[PDB]
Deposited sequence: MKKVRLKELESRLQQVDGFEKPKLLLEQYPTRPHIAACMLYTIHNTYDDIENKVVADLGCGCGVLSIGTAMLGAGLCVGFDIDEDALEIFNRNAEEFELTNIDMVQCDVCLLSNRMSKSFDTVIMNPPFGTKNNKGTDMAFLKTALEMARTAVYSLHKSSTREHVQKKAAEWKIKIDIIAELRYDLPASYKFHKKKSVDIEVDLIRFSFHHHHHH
């Protein structure tokens, strides 16, 4: 059993972006957020161990590193930026984690080959507007198509009513499991996000 403080202490040692790309909203998931999110996914919902997990917008890999340490069968990170994946790969090597893979792609443009290809999808998506939609809602639609069992995502608490409305329209189950906050890189202060678990009717 990996205790919560140990998990967080390990995730403090994940290296971040050398040159974050502002237009891609590149910043690492904060270790306190990542540890609480992953610990809950594992210990409350048992949605990591022996599962195949996708991390959308995996960045430098904080969420994927933690997922691999909690016993995923395989965690596959997806990111549009080759520079982020190079850092993610180095992190995986420094942690000696071999249950990880990664793919460079635009998450909003994946083919239907990805349909129902993972047990669980986790993500800290970007929020900027793209084609009249928040990018996190485009990530969410993709994640729900990819996931067989559950999606865990972070969305702005100020957008909660919209996320609930879309979940109702999509006939998806939604549960707000935590209200969190973290600071953005100084160049951008506080952001209030919901940790949300999406799941499916049987």
> Tell me, which runs of residues in the deposited sequence have no coordinates at all?
Replying inline: 1-2, 191-197, 212-215
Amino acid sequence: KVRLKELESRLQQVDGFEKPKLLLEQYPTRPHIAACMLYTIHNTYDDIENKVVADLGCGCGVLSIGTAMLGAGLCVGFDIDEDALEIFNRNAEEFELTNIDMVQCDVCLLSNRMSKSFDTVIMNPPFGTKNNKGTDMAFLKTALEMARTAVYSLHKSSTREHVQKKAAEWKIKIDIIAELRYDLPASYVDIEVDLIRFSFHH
From here on, numbers count along this sequence of modelled residues.
> Should the higher mean CA B-factor in the entry be assigned to 52-60 or to 30-38?
Replying inline: 30-38
> Would 65-73 or 167-175 have the larger average of its C-alpha temperature factors, as given in the entry?
Replying inline: 167-175
> Of the choices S117, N89, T129, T98, which one's C-alpha carries the largest B-factor in the record?
Replying inline: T129
> Quick one: which of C108, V121, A84, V103 has the biggest Cα B-factor according to the entry?
Replying inline: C108
>> Can you tell me whether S153 has a C-alpha B-factor in the lowest, middle or highest third compared with the other modelled residues of the same chain?
In response: lowest
> If you rank every modelled residue in this chain by C-alpha B factor, which third holds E161: lowest, middle or highest?
Replying inline: highest
